[PDB]
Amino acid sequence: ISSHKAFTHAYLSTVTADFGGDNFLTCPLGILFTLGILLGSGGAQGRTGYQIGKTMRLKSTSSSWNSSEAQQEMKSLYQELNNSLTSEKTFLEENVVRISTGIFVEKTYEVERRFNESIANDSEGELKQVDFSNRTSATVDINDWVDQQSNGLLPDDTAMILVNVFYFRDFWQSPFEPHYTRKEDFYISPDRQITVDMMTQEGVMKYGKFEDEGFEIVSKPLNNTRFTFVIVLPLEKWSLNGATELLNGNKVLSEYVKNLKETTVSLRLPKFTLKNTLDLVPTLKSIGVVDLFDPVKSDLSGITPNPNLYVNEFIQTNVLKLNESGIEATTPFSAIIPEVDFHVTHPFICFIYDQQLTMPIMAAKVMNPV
């Protein structure tokens, strides 16, 4: 198995465990790039960099710590994935995918020239020194950075904060007609129904029913058709069924996506937008990245001669906005009689799926569209 897919699985089986009762939204490759940057840049050394490499499932760290080889292998992976994703274009002429890592370090810390240059020479990475002693101004700086990356959509004794932003944006290959959007009931649970703006369309799309796992799936392509929006809909309204195994990665999404067939579908789909902020430190500790987060053990000598530099917070902030135009987008009845109804009227799991990487770059559970 490829390293980044191994990471992705470990990360998803852990992080999804505690969200049985919430909306959930995450982008696993942004965690990989942000983590990876510290090792790829020479920043993380000794056992701190080694842990990163193991969790990343690198060859150079398979059986021993090999600091130069590991950094090279990590930088190369990171860059390959970044190049692959940011090469995808969309005409509004923008990037379909925007990857952003902000490294926020207390201004007191001295910053090795080699690191500073490595992060400068890094496209998606940015180092920002900041006064963590003045809480209000530090907060401002960060909020501004985030605001700048999201196109607007969005302690004390803090040494360092890492912030990952993963922005995906494209039109549907085949957009919904708004005139067909109407209010409809959405079943959350026995004691909860809400009214949603329900988009509707009849169309050709990839579809499959998986009776034994208790769900069905459609794939609705984005305009850059390397990316598709995959909806996983439980066969009944009361339970997620096997759909949780695709979200946590125990079941391999690409194996399901490969088996869908072209079909005429009556599709109903809520318009919604999820926002969220994940604290990844506990999950990352849980999957093997420990020294990075600890004042005593932390070895960031590649970043600063000043010891005691460690990461206080590692935060991913995400947005999933779906509407008639597309994802994070802005802008007659069919003569067809569809073979299949796909009416998204109860909680579902969805993905932005990458057809080249054959993996999801965004994983989400939607229990309560709002």
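Note that residue numbering follows the sequence shown and begins at 1.
For this session: Answer with none, 1 to 3, 4 to 9, or 10 or more: how many deposited residues between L92 and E93 are not present in the coordinates.
Result: Per the record, 1 to 3 deposited residues are absent between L92 and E93.
Enter the number of deposited residues without atomic coordinates between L154 and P155, binned as none, 1 to 3, 4 to 9, or 10 or more.
The entry leaves 4 to 9 residues without coordinates here.
**Stretch with the greater mean C-alpha B-factor as recorded in the entry, comparing 238-246 against 126-134** = Taking the mean C-alpha B-factor of 238-246 and of 126-134, the larger value falls to 126-134.
Discussion item. Mean CA temperature factor from the deposited coordinates, higher in 288-296 or in 103-111?
Written reply: Mean B over CA atoms: larger for 103-111.
Member of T200, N143, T277, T283 with the greatest C-alpha B factor (per the PDB record) = Among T200, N143, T277, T283, the PDB entry lists the largest C-alpha B-factor for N143.
Notebook entry, point to check: Which of these, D212, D170, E184, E216, has its C-alpha atom at the highest B-factor, as the entry lists it?
Noted result: Going by the entry's C-alpha B-factors, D212 comes out highest.
Report task. Would you check the entry's CA temperature factor for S62 and let me know if it's in the chain's lowest, middle or highest third? Result -> It belongs to the highest third of the chain when residues are ordered by C-alpha B-factor.
message = Split into thirds by Cα B-factor across the chain's modelled residues, where does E339 land: lowest, middle or highest?
response = Within its chain, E339 is a highest-third residue by C-alpha B-factor, going by the deposited values.
Among the modelled residues of its chain, does the C-alpha B-factor of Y180 lie in the lowest, middle or highest third? Lowest third of the chain for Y180's C-alpha B-factor.
Determine, from the deposited record, the chain-internal third of the Cα B-factor for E80: lowest, middle or highest. For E80, the deposited C-alpha B-factor lands in the lowest third.
Ranked C-alpha temperature factor of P270 among modelled chain residues, by third
Middle third, going by the recorded CA B-factors of the chain.
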